[PDB]
Amino acid sequence: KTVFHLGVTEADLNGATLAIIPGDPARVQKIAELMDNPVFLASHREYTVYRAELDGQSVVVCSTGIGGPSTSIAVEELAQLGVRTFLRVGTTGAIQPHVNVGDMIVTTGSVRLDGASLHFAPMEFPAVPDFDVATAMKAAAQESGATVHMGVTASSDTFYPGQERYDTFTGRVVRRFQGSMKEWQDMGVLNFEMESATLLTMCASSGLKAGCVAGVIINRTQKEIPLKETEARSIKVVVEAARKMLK
Amino acid sequence: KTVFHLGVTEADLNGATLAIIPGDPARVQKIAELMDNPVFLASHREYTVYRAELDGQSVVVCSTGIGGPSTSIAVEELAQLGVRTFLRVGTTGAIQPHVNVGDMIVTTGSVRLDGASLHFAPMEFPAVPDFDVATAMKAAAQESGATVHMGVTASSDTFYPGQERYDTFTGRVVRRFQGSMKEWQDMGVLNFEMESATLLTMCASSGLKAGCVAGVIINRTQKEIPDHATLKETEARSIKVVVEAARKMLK
Amino acid sequence: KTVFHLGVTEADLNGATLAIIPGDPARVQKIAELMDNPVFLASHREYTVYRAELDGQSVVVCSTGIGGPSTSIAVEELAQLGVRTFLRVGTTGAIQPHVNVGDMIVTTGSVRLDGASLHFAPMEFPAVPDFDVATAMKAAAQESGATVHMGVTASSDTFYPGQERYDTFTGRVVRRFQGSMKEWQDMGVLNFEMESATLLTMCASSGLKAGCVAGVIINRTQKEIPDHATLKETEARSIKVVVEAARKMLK
Amino acid sequence: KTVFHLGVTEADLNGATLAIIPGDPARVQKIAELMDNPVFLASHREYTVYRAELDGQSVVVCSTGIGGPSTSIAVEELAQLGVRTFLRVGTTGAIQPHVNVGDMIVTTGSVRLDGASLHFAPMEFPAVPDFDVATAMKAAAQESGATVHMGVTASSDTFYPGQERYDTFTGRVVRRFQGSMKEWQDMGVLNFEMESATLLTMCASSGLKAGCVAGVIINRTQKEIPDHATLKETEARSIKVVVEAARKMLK
Amino acid sequence: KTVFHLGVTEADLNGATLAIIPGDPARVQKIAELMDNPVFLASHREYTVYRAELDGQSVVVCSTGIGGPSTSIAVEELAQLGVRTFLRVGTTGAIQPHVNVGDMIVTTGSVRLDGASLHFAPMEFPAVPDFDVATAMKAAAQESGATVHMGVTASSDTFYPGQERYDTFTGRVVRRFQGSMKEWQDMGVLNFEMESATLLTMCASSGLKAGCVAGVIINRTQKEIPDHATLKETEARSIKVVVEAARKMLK
Amino acid sequence: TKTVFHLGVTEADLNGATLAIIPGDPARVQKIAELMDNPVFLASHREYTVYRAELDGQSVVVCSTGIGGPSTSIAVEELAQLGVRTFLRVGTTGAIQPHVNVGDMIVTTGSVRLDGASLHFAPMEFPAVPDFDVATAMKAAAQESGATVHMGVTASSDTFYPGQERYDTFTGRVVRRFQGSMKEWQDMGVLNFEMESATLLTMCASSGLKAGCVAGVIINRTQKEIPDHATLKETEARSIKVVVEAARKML
Ligand SMILES: Cc1c[nH]c(=O)[nH]c1=O
Ligand SMILES: Cc1c[nH]c(=O)[nH]c1=O
Ligand SMILES: Cc1c[nH]c(=O)[nH]c1=O
Ligand SMILES: Cc1c[nH]c(=O)[nH]c1=O
Ligand SMILES: Cc1c[nH]c(=O)[nH]c1=O
Ligand SMILES: Cc1c[nH]c(=O)[nH]c1=O
Ligand code: NA
Ligand code: NA
Ligand code: NA
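Residue numbers (this note's numbering), protein chains in the order written: chain A, 1 to 247; chain B, 1 to 251; chain C, 1 to 251; chain D, 1 to 251; chain E, 1 to 251; chain F, 1 to 251.
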């Protein structure tokens, strides 16, 4: 059977049960090449899929595109093909003054400022990572020598108003999000990104293990708009986290 | 002055104030070549951007990726660079027995089963197209010979549970969406897709003109499988139609 | 058959499948008399009902009263008696500085600041008109020589706090509506009225065709008390327009 | 001092601080003639207004029309003209088997199945009557010889789906209201009507005293078509009761 | 046979069908000793349970602890053992300048700023007392010589941010509650407490009779400190009043 | 110098403690404190019994919370005012997964917010999640004790009965929101029900406090609704050993 969007079969994955899921299709080959025997499988829309071998075990690398909706398709279709563990890596904007560019964040829970999470569980349900995955990501990030923060991430369906950016075409933010950055800062939230609420909610409510690690490329107390080094370190960390998840 | 995700500048757009926004980056060149002097501008992530000329006026073609969040970035960044009118095209399924594969749908309003629309306006606000764009799309669609339906589209943040698909890894659909397909069918909803609620709400609440036209490629109520010829013709017709709708908007 | 509130039977309607539905019972006779052979049918509560003939076809004119609840009863009972198309005409207060007193507005979608719409479809569903009715109303309004705006209307269950009026007994507006007029202005909303969200949602989710056209009698950025001759001229033009829109809907 | 809809001035009310507010404009004169020196003041739209005198004190009688939105206008405008106490009288459909046709109900709180109440207070706020008014209504109802029930009323923005009626044009009830009549029955709710949630919430949050008393004209567990003599008797007793409750409030 | 939290059996209650339910376990014995033959039954967690006799009839006194969740367990388990009427007593802080320390408040409805009420009825349902209990409490309170206020109480799941207290560890109040005290004050709300929304909603939707009476021991709007004597007298009066209200409820 | 409002202790009383163990039942406080050095009773008021003790030379406080988020929120706030920054919750729980056995322990990784008090600290979108260090310490302490330990999501309810979908109750009814909810949570992989974690974790995670929850399983809800009240002996003893060892790891 060949899934609707990803263009791969179960056989193509060579028994892989773990996927690393970056957002940018261009990052997929970079991650795969950190491992052994990388093989290009397919590319369609925002979904580029490779497989590789890590300590002799097959691993998939598959891009998600931006946002919960496109991520939800990739996760569902990979799960149909046997994948059970999902490691998200990406970039992020920090909102706490003490978090610096180049630091890494492992999400312990996400503020659900998305829509797709609600397609898996009502809002009351926590957007929480698998504890083993979060533990592996913390260990990999700390062992790398990075400065690592564990905490809550605000996960938004937009890059602009939902992250309270004003340098925009309208220069306006809807009532719901006015003052929201300060609110999240006061509540100890570490960072903004756009996929973790969907990923974590869908997996935690569907018997899949997931976690998120991100490299900080901007601090929103400094400016609104932004990283090559941070990105490179982040992907080395996620591969080491995958190594720790292998059985 | 280079936008963060799309990687283009205002000067790159050569004065374009109208964009055609398909979902699939591979479709961008296909639309652009229906116009004059198509030129590739950039490709970053799911965003492939071309410029072209239609009746002597610059037009942008930019893919959106799947879903409201990635669409919202492309529309915002294009608006920063002067684009004011957005014509969405794609292919779609339909959920009504009277809508056939190969037909076209022009959305008159969207059921907001998304999240990004709420980042622009509260749920009470209608996800509705600009009337001139919807009118241009209907006319272009009819002129192509297609059977055209005007009506409501259900716009979902998921392809699977939000469209009440059960053929999935878990086979479960959360309470909110159980029975939802029949509910929308009984309310006259024509089809599902994944971007219109965000696009229409963002634009209608931000001073931008938008509309959506789609070719029907599956019908959730029909067991039969559409033949390859029909599907090929439908994809080609859809992009011919959106370019003709753009021509009507530039007049 | 018979119905619970309107006091008319299917036979009374003489085969009418289209209704013009003003708010004020006193406007019913005025509208009917623009057509041929107007006949008074009944008056009970806020529901005054006439029949007339337009190009030889029976048309019913029925007042709705103020608000979604009373409108929902009239529409349901007219539908039980065979009516399938509903043309709303009324007065409105504009909220945009570029919309002048005496202009006309054809609603392309309503902000659902009502309660009755939720008795037909959840909030995500768009309060949008039938495209043919909206097209007919735009055409009739423009052909009359009026200045016509197509756009979003805020449809409120109250005249006072839900339209952010402070010159009231308490001078208070609940948190939900504080700052709301500025919010709708910034989102491009044209006007306030009190029935369109209910009417459009009910009809769009029930297989009925509906639209709304309105004459601007005040602008909220200006004064609250209309000038009498100006108001009379606007009201007269609005009912001429809605009758011409009905003519365009006849088959 | 004038108001926008009711067409009366403060002077017209002759110092009245209490209003009786039936729904049907035709009931206004019937209530007024139970008092001294009734005088017609105005009729505009669904608002018919009379003044009268009760034990030497001026009282106003003003119809509300159907639903919270039209009720909210009348209450606000009467409050602008000095009215501080509002006694609602109206018909109702009981939903409990132990409540008989011809009984009376005094509402102790309303289920807010409306929209206009939210324009005065968020949903958490209780739609509850002034305790003095409820007490006066219970006493007046009992003194008339009626069987009187105190309890919760479900107050709906629709007559049809929000009261879970299926004998309608579509025969559908939106998900929110499917099974709702059984749910309210099991929660001890007595009856349905369409104005109390708005009236009680707006008054309780605005420093106005309000209450509602109603005669039971049908029981939803029985039949929808009332017997004429029984209904006539119930309606006559209801208005005698509300006038006696007004007398008690003016003591 | 023995309820899980309260640790009592039906036989332990000696036929009681009425309970007085203070919050503080230390108050249970004090209330019981105002009646005849007080007998300690059990103490587990925040639940101290006594029985006593009032005019020859068995009455239960049972503490609830703080908050709706704790209260909901006590009410449920007592209802399993035959209790049908629940009289809540305590002391409270007022938010209206006209309410004085030493006055009594009888709740006519509660603002549902809790969570447990939603486990019995959706938010639309009114948190309202049984009319007989509220009537008995008003009579007992007035007969004591106290100044009594009938009105709305705001019932919060927190003591601190939900009552808009800023003198806290973080000094933060979440958006929902910023400005809320002034909002409730302007809407005429008398006081804050933490159990009535749950109690009243649970009982009103479950066929149980409930009400709440409280003595005012502090006023958020007055800067002075009440003296020890006045506070002592108010605490003593509140429990004498609830026992007299129980007397009025006995059949 | 101040004495907090409910707990009746001062900062000086805590001897520099920055960590609290917070069981629900006041009777459990001494039992936990005696596992440490130099336990001393500080205060008891309402459901709040407070001891201090020393663990590896560091002062620790043990404070009961009572049942539910509202009473828990008071204790946490007042302890934080006195310098406490880390909170370790221990309690009992009902498992809802068939593979979880009586006597197992559960460390909560996130809570389903079926409470009300959490909303007084953060909107519903915010995750009710523990501090990662506390959860890590609790898992290690639990494993080291020889217990079978589960990490996962906990449903945290404002009621013991309908919010945990118990039907062996006075009404035998569960409100629509909670009908079928146990099966839904089971299908979503939720491990267990309790009543305080959503409030505790949300309050702390949004207020700069570290918190976690560990619970001993005393019933499996796939088997029956009510625990025997005897299996709560060995399970309780091991649970408090575990929470003290988790505290040791945090210091
Ligand atoms: C840098 C960055 C990446 N992704 C986001 O969602 N927000 C940001 O600020
Ligand atoms: C065919 C199809 C395309 N896009 C969707 O979102 N749903 C569908 O069913
Ligand atoms: C003039 C006017 C009419 N109808 C409304 O609802 N609002 C207004 O301002
Ligand atoms: C009889 C009746 C009157 N009013 C209503 O709202 N419902 C009813 O059933
Ligand atoms: C005095 C007082 C008591 N109980 C509350 O809940 N709030 C208050 O202010
Ligand atoms: C045993 C048990 C304890 N606490 C709860 O909240 N639920 C349960 O089932
Ligand atoms: Na995407
Ligand atoms: Na009306
Ligand atoms: Na408690």
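Virtual Cβ for every residue (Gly too), placed ideally from N, Cα, C.
Inset, instruction - Using 6 Å as the cut-off, classify the Cβ of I21 of chain B as near or not near the heavy atoms of ligand 9, replying yes or no. - result: no
Legend entry - Beta-carbon gap between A141 of chain B and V148 of chain B smaller than 7 Å: yes
Inset, instruction - Would you check if there are 3 or more beta carbon pairs closer than 8 Å linking the region 167-183 of chain E to the region 197-216 of chain E? - result: no
Legend entry - Same chain, Cβ closer than 7 Å to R84 of chain A, five either side skipped, listed in chain order: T17, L208 and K209
Legend entry - Helix, strand or coil at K2 of chain F according to DSSP, with G and I counted as helix: coil
Inset, instruction - Determine, using beta-carbon pairs with one atom in the region 61-79 of chain D and one in the region 153-162 of chain C, whether at least three such pairs fall under 8 Å. - result: yes
Legend entry - Beta carbon of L87 of chain E nearer than 7 Å to that of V242 of chain E: yes
Inset, instruction - Measure how close the beta-carbons of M249 of chain D and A136 of chain D come, nearest whole angstrom, since I'm counting them as under 8 Å. - result: 5 Å
Inset, instruction - Mind checking which residues open and close the beta strand (DSSP E) that includes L113 of chain A? - result: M104 to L113
Inset, instruction - Can you give me the start and stop residues for the alpha helix (DSSP H) that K248 of chain D sits inside? - result: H228 to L250
Inset, instruction - Could you give the DSSP three-state label for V75 of chain E: helix, strand or coil? - result: helix
Legend entry - Other residues of its chain near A121 of chain C: CB distance less than 7 Å, five sequence neighbours each side excluded: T201 and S205
Inset, instruction - Determine the burial state of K247 of chain A: buried for a count of at least 16 other Cβ atoms within 10 Å of its Cβ, exposed for fewer. - result: exposed
Legend entry - Residue-chain proximity (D157 of chain C, chain D), Cβ-Cβ < 7 Å: Interface flag for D157 of chain C against chain D is set, since a Cβ pair is found closer than 7 Å.
Inset, instruction - Identify, in the order they occur along the chain, each residue of the same chain with its Cβ nearer than 6 Å to the Cβ of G8 of chain F, setting aside the five sequence neighbours on each side. - result: The residues are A43 and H45.
Inset, instruction - With hydrogens ignored, establish whether the beta-carbon of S70 of chain D is closer than 6 Å to any heavy atom of ligand 8. - result: yes
Inset, instruction - Starting from the Cα of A139 of chain E, find the closest Cα among E:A19, E:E244, E:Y50 and E:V111 and give me that residue. - result: E:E244
Inset, instruction - With a threshold of 6 Å, establish whether the CB of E77 of chain A neighbours any heavy atom of ligand 7. - result: no
Inset, instruction - Starting from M124 of chain F, find everything on chain A with Cβ-Cβ shorter than 7 Å and list it in chain order. - result: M123 and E124
Inset, instruction - Tell me whether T135 of chain D sits in a helix, a strand or coil according to DSSP, three-state version. - result: helix
Legend entry - For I31 of chain D, the three-state DSSP class (helix, strand or coil): Three-state result, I31 of chain D: helix.
Inset, instruction - Tell me, please, whether the CB atom of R112 of chain E is closer than 7 Å to any CB atom in chain A? - result: For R112 of chain E, the answer is no, since every Cβ of chain A falls outside 7 Å of its Cβ.
Legend entry - Proximity test, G115 of chain C beta-carbon vs ligand 8 heavy atom, cut-off 6 Å: no
Inset, instruction - Look at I225 of chain B and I31 of chain B and say whether their C-beta atoms are less than 7 Å apart. - result: no
Inset, instruction - Could you have a look at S180 of chain E and say whether DSSP puts it in helix, strand or coil? - result: helix
Inset, instruction - Check whether the Cβ of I73 of chain C lies closer than 6 Å to any heavy atom of ligand 4, and answer yes or no. - result: no
Inset, instruction - Give the secondary structure of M123 of chain B by DSSP, where H, G and I count as helix, E and B as strand, and everything else as coil. - result: coil
Inset, instruction - Please check if any C-beta of chain A sits within less than 7 Å of the C-beta of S239 of chain F. - result: no
Inset, instruction - Can you check DSSP and say which residues form a bridge with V174 of chain E? - result: BP columns for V174 of chain E are empty, so no partner.
Inset, instruction - Output, in chain order, the set of chain F residues within a Cβ distance shorter than 7 Å of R175 of chain B. - result: Identification of chain F residues near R175 of chain B by a Cβ-Cβ cut-off of 7 Å yields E184, ordered along the chain.
Inset, instruction - Mind checking which residues open and close the beta strand (DSSP E) that includes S63 of chain D? - result: Unbroken run through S63 of chain D: none, as it is neither H nor E.
Inset, instruction - Find the nearest neighbour of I95 of chain C within the set C:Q185, C:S196, C:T230 and C:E193, judged by alpha-carbon distance. - result: C:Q185
Inset, instruction - Could you name the residues whose beta carbon sits closer than 6 Å to any heavy atom belonging to ligand 1, keeping them in chain order? - result: A:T91, A:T92, A:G93, A:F159, A:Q163, A:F192, A:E193, A:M194, A:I217, A:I218 and A:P226
Legend entry - Exposure of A134 of chain E, with buried meaning 16 or more beta-carbon neighbours within 10 Å: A134 of chain E counts as buried, since at least 16 other C-beta atoms from the protein chains shown sit within 10 angstroms of its C-beta.
Inset, instruction - Report yes or no: is there a C-beta of chain C within less than 7 Å of the C-beta of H119 of chain D? - result: yes
Legend entry - Minimum Cβ-Cβ distance from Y161 of chain F to chain E less than 7 Å: yes
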